[PDB]
Amino acid sequence: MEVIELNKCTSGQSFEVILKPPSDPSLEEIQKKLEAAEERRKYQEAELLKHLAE
Amino acid sequence: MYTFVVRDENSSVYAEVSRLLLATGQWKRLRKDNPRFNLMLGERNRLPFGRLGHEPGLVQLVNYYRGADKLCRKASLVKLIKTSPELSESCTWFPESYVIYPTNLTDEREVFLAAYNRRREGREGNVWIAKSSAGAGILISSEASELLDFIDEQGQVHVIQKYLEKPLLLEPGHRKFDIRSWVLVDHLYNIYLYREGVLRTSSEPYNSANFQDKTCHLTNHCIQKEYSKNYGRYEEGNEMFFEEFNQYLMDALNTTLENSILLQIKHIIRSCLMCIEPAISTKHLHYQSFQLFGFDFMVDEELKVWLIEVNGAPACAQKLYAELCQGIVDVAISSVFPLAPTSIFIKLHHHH
Amino acid sequence: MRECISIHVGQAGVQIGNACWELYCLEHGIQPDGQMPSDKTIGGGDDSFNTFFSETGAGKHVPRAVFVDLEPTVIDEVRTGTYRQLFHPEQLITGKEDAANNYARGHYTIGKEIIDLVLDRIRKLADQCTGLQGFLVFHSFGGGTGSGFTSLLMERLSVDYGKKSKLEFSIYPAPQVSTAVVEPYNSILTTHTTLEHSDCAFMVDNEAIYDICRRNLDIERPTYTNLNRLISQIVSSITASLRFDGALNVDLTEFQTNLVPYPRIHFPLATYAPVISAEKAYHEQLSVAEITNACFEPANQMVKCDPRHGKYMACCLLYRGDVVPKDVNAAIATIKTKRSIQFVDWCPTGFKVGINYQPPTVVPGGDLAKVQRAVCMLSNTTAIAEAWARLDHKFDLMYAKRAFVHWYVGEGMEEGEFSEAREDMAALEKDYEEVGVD
Amino acid sequence: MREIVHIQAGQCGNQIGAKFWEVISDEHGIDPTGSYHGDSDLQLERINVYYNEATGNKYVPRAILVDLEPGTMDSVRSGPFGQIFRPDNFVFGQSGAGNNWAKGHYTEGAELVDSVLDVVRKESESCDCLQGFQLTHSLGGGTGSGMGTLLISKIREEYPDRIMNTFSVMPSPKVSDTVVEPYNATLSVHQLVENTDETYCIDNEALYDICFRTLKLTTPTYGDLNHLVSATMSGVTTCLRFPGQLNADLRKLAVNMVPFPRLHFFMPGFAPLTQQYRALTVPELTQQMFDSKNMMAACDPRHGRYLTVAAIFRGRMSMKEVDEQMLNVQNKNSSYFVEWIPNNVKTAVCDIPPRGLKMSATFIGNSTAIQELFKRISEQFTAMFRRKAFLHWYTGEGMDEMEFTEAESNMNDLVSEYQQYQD
Ligand SMILES: Nc1nc2c(ncn2[C@@H]2O[C@H](COP(=O)(O)OP(=O)(O)OP(=O)(O)O)[C@@H](O)[C@H]2O)c(=O)[nH]1
Ligand SMILES: Nc1ncnc2c1ncn2[C@@H]1O[C@H](COP(=O)(O)OP(=O)(O)CP(=O)(O)O)[C@@H](O)[C@H]1O
Ligand SMILES: Nc1nc2c(ncn2[C@@H]2O[C@H](COP(=O)(O)OP(=O)(O)O)[C@@H](O)[C@H]2O)c(=O)[nH]1
Ligand SMILES: CN[C@@H](C)c1ccc(F)cc1
Ligand SMILES: [Ca+2]
Ligand SMILES: [Ca+2]
Ligand SMILES: [Ca+2]
Ligand SMILES: [Mg+2]
Ligand SMILES: [Mg+2]
Ligand SMILES: [Mg+2]
């Protein structure tokens, strides 16, 4: 039951009690993902229009 | 109309409780995966406790206490007793036990040998028994060499504890036995001891000069009905109930079952369950638990009672399924979900 | 001094952010017009509160905050609300139609068209900082914007501010206050893509906030305002160290250092006490021991789970009010002899304690009673994995039938991203089990 | 500003559509001349969803009235709120469609559809942010059925990413005008399966039974049936017309109701349906709302399972007691809710009740029991088609038998799709 690193100031204090010792994707890659999904949306809409044209 | 799901088809106890619940015409059984249940008769292993109590508007109850395995595992029970101040290492009603991991894997090997060498030197009885939860796999020997080598041949944790060389032997027969007590703990953590117990007796005369034949040393109902040639001779199914056992203690030892044995059993049950109550209590939890326990005791020739193990998913004696299963519904289920005596239990009062 | 930029995404994030900055102002003595009389340095200063507030020459104190929502009705509340004067228009970003509870729609379809704008507005705030620490990102799991656009924002932030910390305050979905069936889908999709980009995430389960409001505040049917005022008290407790003088959790990096030994396991459990109803005749004031002991009761945890059956990796006690270290150590000693507190063997069994003498501030006319002392415990338990299991299970039930999947595929997301995200959660569940179970 | 463009096509579509605007105009305080005379700001909060604002603070419905004969739309223009509609929004011909899907869809309708889309475009161009469209029509006639589904197809082509929503009256031999109604309904259903996001199935048989058995009307009329549709349309759109959170947007509603794209056909229900002054308790609202006798698709829900349910409660009541009763119905009958969609029952509350009611509840169910409705249609269709009976009315308009065979297959596929998820 030890207390360590007691820090005190006018607005409070902080300390530590020990009870027992122990025993990314680049900007380019993000644009591709975003554009790939947009391309799949476009391909799906084109197929819808192609179906409606028929 | 209350709803319940079944997730252990192999439970004879709750198969009857489920059969009773439906008979009341006020309980409905849902598919085992339907989450909108009031009551779960859960599986033995890996019961998904973390999914209980998150259904808006449903008070949910389960027939197992999360964490009670600490008491119902051979190795866990030993560790719990030795490390818990409430039970202490000097606990007088539990045989001297040690947790021994096979060498192919803390471990109490050296601690066990030290106490063993002491007994060997002091001319004392030095017979130990080795067992584990992964058994149907038991060995009784007076040589430490055989006990340790038998565990290495296996691959799971084991426990070596002192074998009760001076057991109480029923007469006629000169035969060993153990006492099974059923204990139901409800959601409020009341401890109810079923008034009916069973003595699972050995139909063979006890023989201390031959631990090789384990039919007169192991009182398991399966071993007696498979390897014992006098099965069913003295009592039906090697099962003596309290009425007969109490009468015997009166005719033979001029004492009563309550005075000589039952007080110790009730004391042991209380101690064990009160010890783990802070860890498994569901008092302030989002769901509620109850559980049926099977306590196993040994009685020595001094009328001292010893705890053998605790079973978390016990079966019952055929003759006592109706009474007990009804009692489970009365105090465990209907207390939380009431329906539109002379209790069969014995409430062991205690401080929460 | 180092600045912190708060980002509020979606309805949940924006309305929670509205409640926090309301509380922040009351705590620092800032009026709705931005004026702060106690600030004797007009138009500047590197005080602790300046980590969250910038200053104009006219003495206004402006939150370092950005509000983003793909639909304008929620942010229009800020523009005309009590604190409309705090923020300037550049800080409030709104689109015209939302993501419809569809992660793919917030992340891909709509996110792709507004991401650069949001980053530009954030860049403006960052340019006012002499030493930016990082970001605090508030959002929900279930919303299409909260889930879908946040993950896109977190990825870009890691690219534009590689060395900056990012903390999350995430709203875990609760059916009692949710009307979207697909929120398990969104929660898991956004956890997967955000996992490697967030240094520390504080999950708040609406089910827990809801029950605390009904149980302790006697609110029969709590509203978002009830839920959000309670949530901003916890957020305030967690961020007070950045806004006030102190030595514990004084910068964003210290949250990871103190609470997250393993990067993926960065979801501390938050526990708060006491929550007292203001409508009470008058409440007996709780002691340091009582409010500390309450930190180990499930009923006051931000996520319903059972820490008794997990393992702790770290533990911070954040006290506010009349609290001296003497009483703290006394309460802790008593709680160890009674509570089931198991730490992982590779971590010390201890507590980092922080005390701020200013007791909790409560919004006038709110639901919370003024108390003389309160505490918020931040503990990293494996028990919080229960919340992942509940969520992953609901995901599996629907995904086995591909229910609602067509909505996500229709927005340009591949079906494989579902299973990819699910397998990542399966790995997250395995990591918790390896750390907490024997 | 999430505007919806309303379209009503054909006789049934225009008569039911008319009553709809009469009902909701009252709820929002709009008088027959479009002047607002309400007393609650909640009325105007979302008024722009269905109304445009003209000079002088006039509110003009965003509705397009379509028909191939003038008769029914003259009745509207002469009806109670006839003057409230934009005069330019009346688009009609003189030929009629003779209860003939082919005439509405391929011949007579095709000649008129372009002028309808001109008005649709005009309304959409003035929308700040168009949500989508809602169409009221019947499937048993020629204009609403044939031209209506032609309109959806051409609207989808021009607004592919908006939500298409319909209130579709299904024919029944008990309330029948012509024997070809099964033909027209089967042809339309295939269109709807493809080109609508949400279709409220309104069965004239259910409406009849409710008027006869529950409402005790000795001789029900189309007017009586339409009173139930008006009340139902007002209930299901409450989430759109007042402030809310659950399904408060067409696309958000679709996201939570439609787990599979082709299974988007809903069973609506209303309560009360009435001792008419007695107060109605929250339990009674819930019991009735879920009662089959209160539903308008003539399908027994106990014959299938609910994929998703949306409930709306209107009036000043105990929201706590609402959650309790809703949770009581789910927990007391969870065998009728698929277990593989957690929390598929969502409840919303609105404080403004309908005219002349302390409180009410509207029910919206995506149930697999709806397959019973398509089975009835399919059976009647096949009974005639196997003998090619009455086919000449259709082949005389350029159609081939192959098109009927394909419509048949498509609806039987739909029924099979409902069956697999019911198991
Ligand atoms: N605690 C709390 N939860 C909220 C609040 N607002 C929404 N939620 C929760 O957030 C989830 C829905 O996500 P939203 O934030 O509303 O959706 P969104 O981020 O605006 O994204 P959209 O789909 O575009 O609307 C549900 O689980 C709600 O319970 C709030 O103000 N406070
Ligand atoms: N220390 C000991 N001394 C004497 N006998 C012992 C003993 N430990 C075990 N036994 C004997 O072993 C039998 C059962 O052992 P144990 O209970 O450990 O195995 P088990 O768990 O498979 C049977 P159950 O679970 O039904 O009680 C008892 O009947 C008892 O007679
Ligand atoms: N509920 C209701 N159904 C109607 C009404 N008018 C016609 N119907 C039904 O609609 C079908 C006839 O379609 P109708 O609208 O008259 O043909 P259309 O004008 O060519 O579209 C038949 O099934 C009728 O039972 C009405 O006012 N109310
Ligand atoms: C179909 N014939 C007309 C007269 C009719 C209308 C409504 C109704 F409920 C019953 C009959
Ligand atoms: Ca200053
Ligand atoms: Ca990073
Ligand atoms: Ca012509
Ligand atoms: Mg056993
Ligand atoms: Mg939103
Ligand atoms: Mg007609």
# chains A, B, ... in the order shown; residues from 1 in each chain; ligands from 1
$ interface_residues --of "chain D" --to "chain A" --cutoff "9 Å" --atoms "only C-alpha atoms" --output "list in words"
residues 153, 154, 156, 157, 160 and 161 of chain D
$ write_last_selection --atoms "C-alpha atoms" --output "PDB file, in the first residue's frame"
ATOM      1  CA  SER D 153     -41.151   3.133 -64.381  1.00  0.00           C
ATOM      2  CA  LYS D 154     -40.633   6.465 -66.142  1.00  0.00           C
ATOM      3  CA  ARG D 156     -37.603   5.846 -61.709  1.00  0.00           C
ATOM      4  CA  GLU D 157     -35.743   6.401 -64.977  1.00  0.00           C
ATOM      5  CA  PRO D 160     -33.299   6.556 -60.011  1.00  0.00           C
ATOM      6  CA  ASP D 161     -32.020   7.322 -56.489  1.00  0.00           C
TER       7      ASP D 161
END
$ residues_near_ligand --ligand "ligand 6" --cutoff "10 Å" --atoms "only C-alpha atoms and all ligand atoms" --output "mmCIF file with N, CA and C atoms, in the first residue's frame"
data_model
loop_
_atom_site.group_PDB
_atom_site.id
_atom_site.type_symbol
_atom_site.label_atom_id
_atom_site.label_comp_id
_atom_site.auth_asym_id
_atom_site.auth_seq_id
_atom_site.Cartn_x
_atom_site.Cartn_y
_atom_site.Cartn_z
ATOM 1 N N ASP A 24 -0.732 2.516 -41.841
ATOM 2 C CA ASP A 24 -2.044 3.060 -42.177
ATOM 3 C C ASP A 24 -2.180 3.267 -43.680
ATOM 4 N N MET C 154 -11.726 9.418 -39.524
ATOM 5 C CA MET C 154 -10.595 8.920 -38.748
ATOM 6 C C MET C 154 -9.433 8.519 -39.650
ATOM 7 N N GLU C 155 -9.727 7.898 -40.794
ATOM 8 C CA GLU C 155 -8.661 7.524 -41.718
ATOM 9 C C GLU C 155 -7.931 8.756 -42.234
ATOM 10 N N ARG C 156 -8.680 9.755 -42.705
ATOM 11 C CA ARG C 156 -8.044 10.960 -43.230
ATOM 12 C C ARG C 156 -7.277 11.699 -42.139
ATOM 13 N N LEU C 157 -7.838 11.765 -40.928
ATOM 14 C CA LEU C 157 -7.135 12.430 -39.835
ATOM 15 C C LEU C 157 -5.777 11.788 -39.580
ATOM 16 N N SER C 158 -5.708 10.454 -39.629
ATOM 17 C CA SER C 158 -4.427 9.779 -39.447
ATOM 18 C C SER C 158 -3.447 10.138 -40.552
ATOM 19 N N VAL C 159 -3.954 10.481 -41.738
ATOM 20 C CA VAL C 159 -3.083 10.885 -42.836
ATOM 21 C C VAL C 159 -2.647 12.336 -42.675
ATOM 22 N N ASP C 160 -3.577 13.225 -42.321
ATOM 23 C CA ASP C 160 -3.259 14.645 -42.225
ATOM 24 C C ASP C 160 -2.629 15.028 -40.894
ATOM 25 N N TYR C 161 -2.781 14.199 -39.848
ATOM 26 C CA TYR C 161 -2.208 14.471 -38.528
ATOM 27 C C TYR C 161 -1.647 13.162 -37.961
ATOM 28 N N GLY C 162 -0.608 12.638 -38.609
ATOM 29 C CA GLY C 162 -0.092 11.334 -38.223
ATOM 30 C C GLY C 162 0.336 11.263 -36.769
ATOM 31 N N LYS C 163 0.965 12.323 -36.268
ATOM 32 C CA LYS C 163 1.527 12.328 -34.923
ATOM 33 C C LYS C 163 0.532 12.759 -33.851
ATOM 34 N N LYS C 164 -0.723 13.010 -34.208
ATOM 35 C CA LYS C 164 -1.719 13.479 -33.258
ATOM 36 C C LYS C 164 -2.540 12.318 -32.713
ATOM 37 N N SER C 165 -2.907 12.424 -31.440
ATOM 38 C CA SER C 165 -3.764 11.430 -30.814
ATOM 39 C C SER C 165 -5.221 11.676 -31.181
ATOM 40 N N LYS C 166 -6.004 10.601 -31.176
ATOM 41 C CA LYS C 166 -7.438 10.689 -31.418
ATOM 42 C C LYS C 166 -8.147 9.828 -30.388
ATOM 43 N N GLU C 196 -7.773 0.675 -35.982
ATOM 44 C CA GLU C 196 -6.369 1.062 -36.089
ATOM 45 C C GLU C 196 -6.150 2.573 -36.092
ATOM 46 N N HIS C 197 -7.200 3.388 -36.004
ATOM 47 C CA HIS C 197 -7.044 4.832 -36.079
ATOM 48 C C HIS C 197 -7.381 5.552 -34.782
ATOM 49 N N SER C 198 -7.927 4.850 -33.796
ATOM 50 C CA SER C 198 -8.318 5.440 -32.526
ATOM 51 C C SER C 198 -7.378 4.951 -31.433
ATOM 52 N N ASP C 199 -6.843 5.888 -30.656
ATOM 53 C CA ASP C 199 -5.929 5.562 -29.568
ATOM 54 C C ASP C 199 -6.647 5.174 -28.285
#
$ residues_near_ligand --ligand "ligand 7" --cutoff "9 Å" --atoms "only C-alpha atoms and all ligand atoms" --output "list in words"
residues 95, 107, 108 and 111 of chain D
$ interface_residues --of "chain A" --to "chain C" --cutoff "8 Å" --atoms "only C-alpha atoms" --output "JSON list (two decimals) with N, CA and C atoms, in the first residue's frame"
[["chain", "number", "residue", "atom", "x", "y", "z"],
["A", 7, "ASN", "N", 1.39, 14.99, -6.59],
["A", 7, "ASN", "CA", 1.48, 16.32, -7.15],
["A", 7, "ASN", "C", 0.31, 17.15, -6.63],
["A", 8, "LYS", "N", 0.61, 18.34, -6.12],
["A", 8, "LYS", "CA", -0.39, 19.23, -5.54],
["A", 8, "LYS", "C", -0.35, 20.58, -6.22],
["A", 9, "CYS", "N", -1.53, 21.12, -6.54],
["A", 9, "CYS", "CA", -1.66, 22.48, -7.04],
["A", 9, "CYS", "C", -2.89, 23.11, -6.41],
["A", 11, "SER", "N", -5.73, 23.81, -7.61],
["A", 11, "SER", "CA", -7.02, 23.28, -8.05],
["A", 11, "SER", "C", -7.17, 21.78, -7.82],
["A", 12, "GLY", "N", -6.21, 21.13, -7.20],
["A", 12, "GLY", "CA", -6.33, 19.72, -6.89],
["A", 12, "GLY", "C", -4.96, 19.07, -6.76],
["A", 13, "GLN", "N", -4.99, 17.74, -6.68],
["A", 13, "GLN", "CA", -3.76, 16.96, -6.57],
["A", 13, "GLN", "C", -3.99, 15.58, -7.18],
["A", 14, "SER", "N", -2.89, 14.93, -7.52],
["A", 14, "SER", "CA", -2.93, 13.61, -8.13],
["A", 14, "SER", "C", -1.76, 12.78, -7.62],
["A", 15, "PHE", "N", -1.99, 11.48, -7.49],
["A", 15, "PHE", "CA", -0.99, 10.57, -6.96],
["A", 15, "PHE", "C", -1.26, 9.17, -7.52],
["A", 16, "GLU", "N", -0.48, 8.21, -7.06],
["A", 16, "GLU", "CA", -0.57, 6.83, -7.54],
["A", 16, "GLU", "C", -0.39, 5.88, -6.36],
["A", 17, "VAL", "N", -1.30, 4.93, -6.23],
["A", 17, "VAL", "CA", -1.27, 3.92, -5.17],
["A", 17, "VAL", "C", -1.04, 2.56, -5.81],
["A", 18, "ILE", "N", -0.03, 1.84, -5.33],
["A", 18, "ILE", "CA", 0.31, 0.51, -5.81],
["A", 18, "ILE", "C", 0.05, -0.48, -4.68],
["A", 19, "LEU", "N", -0.85, -1.43, -4.92],
["A", 19, "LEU", "CA", -1.19, -2.44, -3.93],
["A", 19, "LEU", "C", -0.34, -3.70, -4.06],
["A", 20, "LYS", "N", 0.23, -3.95, -5.23],
["A", 20, "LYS", "CA", 1.04, -5.14, -5.49],
["A", 20, "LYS", "C", 1.79, -4.97, -6.80],
["A", 21, "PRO", "N", 3.07, -5.35, -6.85],
["A", 21, "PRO", "CA", 3.82, -5.26, -8.10],
["A", 21, "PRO", "C", 3.38, -6.33, -9.08],
["A", 22, "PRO", "N", 3.75, -6.20, -10.36],
["A", 22, "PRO", "CA", 3.36, -7.22, -11.34],
["A", 22, "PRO", "C", 4.08, -8.54, -11.14],
["A", 23, "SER", "N", 3.95, -9.45, -12.11],
["A", 23, "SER", "CA", 4.61, -10.75, -12.04],
["A", 23, "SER", "C", 5.59, -10.94, -13.19],
["A", 24, "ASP", "N", -0.73, 2.52, -41.84],
["A", 24, "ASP", "CA", -2.04, 3.06, -42.18],
["A", 24, "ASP", "C", -2.18, 3.27, -43.68],
["A", 25, "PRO", "N", -3.42, 3.34, -44.16],
["A", 25, "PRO", "CA", -3.64, 3.55, -45.60],
["A", 25, "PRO", "C", -3.34, 4.99, -46.00],
["A", 26, "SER", "N", -2.58, 5.14, -47.09],
["A", 26, "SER", "CA", -2.20, 6.46, -47.57],
["A", 26, "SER", "C", -3.41, 7.20, -48.13],
["A", 27, "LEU", "N", -3.20, 8.49, -48.43],
["A", 27, "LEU", "CA", -4.26, 9.29, -49.03],
["A", 27, "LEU", "C", -4.70, 8.70, -50.36],
["A", 30, "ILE", "N", -6.95, 5.68, -49.93],
["A", 30, "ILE", "CA", -8.30, 6.02, -49.48],
["A", 30, "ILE", "C", -9.14, 6.52, -50.65],
["A", 34, "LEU", "N", -12.73, 4.87, -52.10],
["A", 34, "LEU", "CA", -13.89, 5.73, -52.32],
["A", 34, "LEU", "C", -14.32, 5.70, -53.78],
["A", 36, "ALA", "N", -13.62, 3.33, -56.05],
["A", 36, "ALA", "CA", -14.08, 2.00, -56.42],
["A", 36, "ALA", "C", -15.56, 1.83, -56.08],
["A", 37, "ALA", "N", -15.96, 2.24, -54.88],
["A", 37, "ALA", "CA", -17.36, 2.15, -54.49],
["A", 37, "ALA", "C", -18.24, 3.01, -55.39],
["A", 38, "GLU", "N", -17.77, 4.21, -55.74],
["A", 38, "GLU", "CA", -18.53, 5.06, -56.65],
["A", 38, "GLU", "C", -18.68, 4.40, -58.01],
["A", 39, "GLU", "N", -17.62, 3.71, -58.47],
["A", 39, "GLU", "CA", -17.69, 3.02, -59.75],
["A", 39, "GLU", "C", -18.70, 1.89, -59.71],
["A", 40, "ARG", "N", -18.78, 1.16, -58.59],
["A", 40, "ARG", "CA", -19.76, 0.08, -58.48],
["A", 40, "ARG", "C", -21.18, 0.63, -58.45],
["A", 41, "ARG", "N", -21.39, 1.77, -57.79],
["A", 41, "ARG", "CA", -22.70, 2.42, -57.86],
["A", 41, "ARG", "C", -23.04, 2.81, -59.29],
["A", 44, "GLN", "N", -24.02, -0.22, -61.33],
["A", 44, "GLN", "CA", -25.35, -0.70, -60.97],
["A", 44, "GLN", "C", -26.43, 0.19, -61.55]]
$ select_by_dssp --residues "range 1-39 of chain A" --states "alpha helix (DSSP H)" --output "number ranges by chain"
A: 27-39
$ write_last_selection --atoms "C-alpha atoms" --output "PDB file, in the first residue's frame"
ATOM      1  CA  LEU A  27      -4.257   9.288 -49.028  1.00  0.00           C
ATOM      2  CA  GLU A  28      -4.057   7.645 -52.458  1.00  0.00           C
ATOM      3  CA  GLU A  29      -5.322   4.309 -51.139  1.00  0.00           C
ATOM      4  CA  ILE A  30      -8.298   6.018 -49.481  1.00  0.00           C
ATOM      5  CA  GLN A  31      -9.265   7.712 -52.750  1.00  0.00           C
ATOM      6  CA  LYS A  32      -9.190   4.376 -54.586  1.00  0.00           C
ATOM      7  CA  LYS A  33     -11.539   2.743 -52.069  1.00  0.00           C
ATOM      8  CA  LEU A  34     -13.887   5.730 -52.320  1.00  0.00           C
ATOM      9  CA  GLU A  35     -13.717   5.781 -56.121  1.00  0.00           C
ATOM     10  CA  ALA A  36     -14.080   1.999 -56.418  1.00  0.00           C
ATOM     11  CA  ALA A  37     -17.363   2.149 -54.489  1.00  0.00           C
ATOM     12  CA  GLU A  38     -18.529   5.057 -56.650  1.00  0.00           C
ATOM     13  CA  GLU A  39     -17.687   3.019 -59.748  1.00  0.00           C
TER      14      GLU A  39
END
$ residues_near_ligand --ligand "ligand 3" --cutoff "7 Å" --atoms "only C-alpha atoms and all ligand atoms" --output "PyMOL selection string"
chain D and resi 9-13+15-16+67+97-99+137-145+169-172+175-177+181+204+222-223+225-226
$ select_by_dssp --residues "chain A" --states "strand (DSSP E or B)" --output "compact mmCIF listing (two decimals) with C-alpha atoms, in the first residue's frame"
# COMPACT_ATOMS: atom_id res chain seq x y z
CA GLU A 2 2.41 2.66 -1.28
CA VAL A 3 1.70 6.19 -2.54
CA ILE A 4 3.97 7.76 -5.17
CA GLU A 5 4.30 10.87 -7.32
CA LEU A 6 2.04 13.09 -5.22
CA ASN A 7 1.48 16.32 -7.15
CA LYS A 8 -0.39 19.23 -5.54
CA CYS A 9 -1.66 22.48 -7.04
CA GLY A 12 -6.33 19.72 -6.89
CA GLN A 13 -3.76 16.96 -6.57
CA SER A 14 -2.93 13.61 -8.13
CA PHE A 15 -0.99 10.57 -6.96
CA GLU A 16 -0.57 6.83 -7.54
CA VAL A 17 -1.27 3.92 -5.17
CA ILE A 18 0.31 0.51 -5.81
CA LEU A 19 -1.19 -2.44 -3.93
CA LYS A 20 1.04 -5.14 -5.49
$ interface_residues --of "chain B" --to "chain D" --cutoff "12 Å" --atoms "only C-alpha atoms" --output "tab-separated table (two decimals) with N, CA and C atoms, in the first residue's frame"
chain	number	residue	atom	x	y	z
B	1	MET	N	-48.20	-15.06	-19.09
B	1	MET	CA	-47.56	-16.23	-19.67
B	1	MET	C	-46.05	-16.06	-19.72
B	2	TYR	N	-45.34	-16.84	-18.92
B	2	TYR	CA	-43.89	-16.78	-18.87
B	2	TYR	C	-43.28	-17.68	-19.95
B	3	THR	N	-42.06	-17.34	-20.35
B	3	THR	CA	-41.36	-18.04	-21.42
B	3	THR	C	-40.00	-18.52	-20.93
B	4	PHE	N	-39.61	-19.71	-21.39
B	4	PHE	CA	-38.33	-20.29	-21.02
B	4	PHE	C	-37.75	-21.05	-22.21
B	26	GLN	N	-48.94	-22.10	-17.52
B	26	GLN	CA	-48.58	-20.69	-17.48
B	26	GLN	C	-47.15	-20.41	-17.91
B	27	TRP	N	-46.44	-21.42	-18.41
B	27	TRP	CA	-45.09	-21.28	-18.94
B	27	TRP	C	-45.06	-21.82	-20.36
B	28	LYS	N	-44.40	-21.09	-21.25
B	28	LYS	CA	-44.29	-21.44	-22.65
B	28	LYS	C	-42.82	-21.65	-23.00
B	29	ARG	N	-42.54	-22.71	-23.75
B	29	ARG	CA	-41.17	-23.02	-24.15
B	29	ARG	C	-40.91	-22.48	-25.55
B	30	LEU	N	-39.81	-21.76	-25.70
B	30	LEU	CA	-39.39	-21.18	-26.97
B	30	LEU	C	-38.18	-21.94	-27.51
B	31	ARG	N	-37.89	-21.70	-28.79
B	31	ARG	CA	-36.70	-22.30	-29.38
B	31	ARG	C	-35.46	-21.84	-28.62
B	32	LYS	N	-34.47	-22.73	-28.55
B	32	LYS	CA	-33.31	-22.49	-27.70
B	32	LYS	C	-32.53	-21.23	-28.08
B	33	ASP	N	-32.77	-20.68	-29.26
B	33	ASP	CA	-32.06	-19.48	-29.71
B	33	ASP	C	-32.92	-18.22	-29.63
B	34	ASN	N	-34.16	-18.33	-29.17
B	34	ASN	CA	-35.02	-17.16	-29.06
B	34	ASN	C	-34.59	-16.33	-27.85
B	35	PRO	N	-34.21	-15.07	-28.03
B	35	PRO	CA	-33.70	-14.28	-26.90
B	35	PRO	C	-34.78	-13.73	-25.98
B	36	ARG	N	-36.06	-13.80	-26.35
B	36	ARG	CA	-37.13	-13.20	-25.55
B	36	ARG	C	-37.68	-14.20	-24.53
B	37	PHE	N	-36.79	-14.67	-23.66
B	37	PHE	CA	-37.15	-15.62	-22.62
B	37	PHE	C	-37.09	-14.95	-21.25
B	38	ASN	N	-37.90	-15.46	-20.32
B	38	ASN	CA	-37.78	-15.09	-18.92
B	38	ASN	C	-36.80	-15.99	-18.18
B	54	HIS	N	-30.24	-8.04	-21.21
B	54	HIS	CA	-30.21	-6.93	-22.16
B	54	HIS	C	-31.46	-6.90	-23.04
B	55	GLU	N	-32.55	-7.54	-22.61
B	55	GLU	CA	-33.80	-7.50	-23.35
B	55	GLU	C	-34.76	-6.54	-22.67
B	56	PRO	N	-35.10	-5.42	-23.30
B	56	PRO	CA	-35.99	-4.45	-22.64
B	56	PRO	C	-37.31	-5.09	-22.24
B	57	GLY	N	-37.66	-4.92	-20.96
B	57	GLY	CA	-38.94	-5.36	-20.46
B	57	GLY	C	-39.02	-6.81	-20.04
B	58	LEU	N	-37.91	-7.55	-20.08
B	58	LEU	CA	-37.90	-8.95	-19.68
B	58	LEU	C	-36.98	-9.13	-18.49
B	59	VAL	N	-37.54	-9.53	-17.36
B	59	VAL	CA	-36.75	-10.00	-16.23
B	59	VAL	C	-36.28	-11.41	-16.56
$ residues_near_ligand --ligand "ligand 1" --cutoff "7 Å" --atoms "only C-alpha atoms and all ligand atoms" --output "MDAnalysis selection string"
chainID C and resid 9:13 15:16 69:71 98:102 106 139:147 171:174 177:178 183 206 224:225 227:228
$ interface_residues --of "chain D" --to "chain C" --cutoff "7 Å" --atoms "only C-alpha atoms" --output "PyMOL selection string"
chain D and resi 129+246+251-252+256+258-260+319-320+340-344+346
$ residues_near_ligand --ligand "ligand 5" --cutoff "7 Å" --atoms "only C-alpha atoms and all ligand atoms" --output "ChimeraX atom specification"
/C:39-47,55
$ residues_around --residues "range 66-79 of chain B" --least-positions-apart "3" --cutoff "7 Å" --atoms "only C-alpha atoms" --output "MDAnalysis selection string"
chainID B and resid 82:83 97:99 132:133 158:159 280 309:312
$ interface_residues --of "chain B" --to "chain C" --cutoff "7 Å" --atoms "only C-alpha atoms" --output "PyMOL selection string"
chain B and resi 50-51+56+278-279+284-285
